[PDB]
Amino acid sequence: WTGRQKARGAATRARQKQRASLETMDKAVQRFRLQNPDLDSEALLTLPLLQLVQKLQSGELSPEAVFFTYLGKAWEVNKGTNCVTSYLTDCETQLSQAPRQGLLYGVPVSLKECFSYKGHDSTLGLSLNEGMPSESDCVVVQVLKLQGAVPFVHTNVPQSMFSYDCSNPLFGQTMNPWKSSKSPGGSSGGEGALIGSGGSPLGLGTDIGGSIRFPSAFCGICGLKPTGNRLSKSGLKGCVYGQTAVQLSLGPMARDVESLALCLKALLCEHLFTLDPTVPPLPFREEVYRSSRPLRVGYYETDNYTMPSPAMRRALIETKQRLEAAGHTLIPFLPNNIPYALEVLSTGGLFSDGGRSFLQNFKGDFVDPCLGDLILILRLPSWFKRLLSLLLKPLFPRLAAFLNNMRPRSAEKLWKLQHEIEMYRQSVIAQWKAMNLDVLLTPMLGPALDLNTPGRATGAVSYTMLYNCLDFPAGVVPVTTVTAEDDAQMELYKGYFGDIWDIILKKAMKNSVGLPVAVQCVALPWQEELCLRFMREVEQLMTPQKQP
C-alpha cells in the first residue's frame, strides 16, 4: 500500500474541479456586477442575518442581489483562506425556486463538505471518496431548501474530519482569516474561515469532539452543537459508521446568536420530522430562547486538564463578572471525573475498535501533516500500544491513558463502556440538579493555534469533547481578543502535565495578539433553546454591538 498513483490522480481531479468551481463563481459574480453597478454591496454584507432575512422577505432585497454579492465576497475571501472546495452548481436555479414563505428565503448557506449535495463529491479530503458524486441531498440540505435557503458552497475540512486543524491532500490547507499563520480550527474550518471573514451569513457543521466549536472560537463567530439526535444526520458523509457511544452532532455556525436560533427554528419543522421520523419531533421553543429570567449559572475557569491561556481565563472571568452584575447567580461547578470522561469514555468510545475502521479510509492515501502522528499511532499493534502505555505511565500519565484507551476490544467490553457513558451522563446530571443549575459557563480553547499544531496538541480538546461525551448542547460566543498583556503572559504558561501536548500548546498559542477568544455555554440534553438563551445573554453583555 505504498503506491500513491491513485491518490495523486484524485488530487489532480479535485484541484481541477475546485479551480473550475472558482472560475465559474467568478464569472457569475462579474456578470452580475455588470448588470448591477449601483448595488451597495457593503451595506448588504454587513446586515445581520435577521435583518437580511427581513429584507429578503419584504422584497426590499432580491434573492439574486444577496446571492451574487455573497458569492463575490466568498470568492474574494477564499483567495486568502482557501476555504471553498466546490461551488454547488445548480444553486442558481434553486435560487429562482426558493419557497417564498420559507423562514430562510433567499439566504445563501455554506455547507461543511460532509453534507451530501446531489451531484457533488463529499471527499472528506480522502482520495477514496473522489469521483463518487452524491445521488441525493441529505435531509438537512433538503430542509434548508424547503425553507427557501440556497446552499452555495462546500467548505474545506481536514482529511477525514477527525481533527481540529483544517488541511487535506486534495484541496490543501485552509487558513485563519485573522492571521494566515494560524489554523482556522476544524473540522468545520472552511466554514469558520468563510463565515468569520464575512463570506457567508450562515453555515452548517458537525461536531464529535469540538468541530463546530473550535472553528467558531478560532475564527471569532458563534456556533452551537445541539444534543446529538436533535437534528437529522441522514445523508451525511462520514468516515466511520455505527459508532454510537459518542454521537456526532450537527449544528449552525454564524456571526451572531440570533442567527443560530433562526437556523434551528427553520430546521426543527414538520419537513424534517417527516423526512426523518427517527428524530424526536421537538419544535424550537422560542419562548425559552426569548426568556429574560435570571439564571443560575455554574462556572469553572479551568478543567484542571488543559491549562487555560491567559486570554481564555480573562475571557471567562470578565464574562462571569458581567453576568453577576446583570443579576445572575454564578456558582462554582465542575463536572466530576473529567480525566476519566476524556481518557476512558471519550477516547474509548471514539476508538473502541483500535482505529481499524477509521484507518480503512487511509489505505493507499497520503496522510496530511495536520493529522500529526494519529494515523501512525492507530496503526501500532494492540499489544505494543499497551506496552508503550505501561512505559509512559510513570512519566506521562495523560499520554499513557490515551494510548491505552485506543486499543481494539470485544462487543462485551464496548457494552461495558456504553453503560459507563450512560452512568457518567447521569452522574453529571445529578451534580447539576443538586446545585439546581440552569446552565453552565466554561472556558473555550483559544486563541487560534498555529497551523499544523492542533494534531500535536490532542489534550486541548478537553474543554469541548467533555460535552460530546455527555451529549449536552454546547455553544461558543466570541467575547474578547488577545491583548499584548495576555500574549506576553503565555511565556509563564506551564500546563498541568508538562508533557508534549502542553509544550506544543504553549508554543502554538503564542503570537496571537488581536485574535478572538470565546467562552462556552452549556445546558442539559434537549435544552438547545436555554443554551441559546444563555449564549444570547453572554453576547449581549460582552459584545452589545452584536444585537439591536
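Rigid core: the largest C-alpha set superposing within 1.5 Å between the two forms. When you see a residue number, it is the position in the sequence shown, counting from 1.
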statement: Judged by RMS Cα deviation after a rigid core fit in 5 other deposited structures of this protein, the more variable of 6 to 14 and 536 to 544 is 536 to 544
statement: Comparing 372 to 380 with 257 to 265, the higher average Cα temperature factor in the PDB entry belongs to 372 to 380
- request: Output the stretch having the higher mean C-alpha B factor in the entry; the candidates are 474 to 482 and 357 to 365.
  value: 357 to 365
- prompt: Which is it among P184, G131, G209, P339: the one with the largest CA B-factor in the entry?
  reply: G131
- prompt: According to the deposited entry, which of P99, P443, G220, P158 has the largest Cα B-factor?
  reply: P99
field: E135 - Cα temperature factor, lowest/middle/highest third of chain
entry: highest
query: Ranked by Cα temperature factor within the chain, is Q520 in the lowest third, the middle third or the highest third?
result: lowest
Within-chain third of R293 by Cα B-factor, per the entry: highest
message: Which third, lowest, middle or highest, does the C-alpha temperature factor of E529 belong to within its own chain?
response: lowest
- request: Consider only the C-alpha atoms of the modelled residues in this chain, order them by B-factor as the entry records it, and name the third containing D165: lowest, middle or highest.
  value: lowest
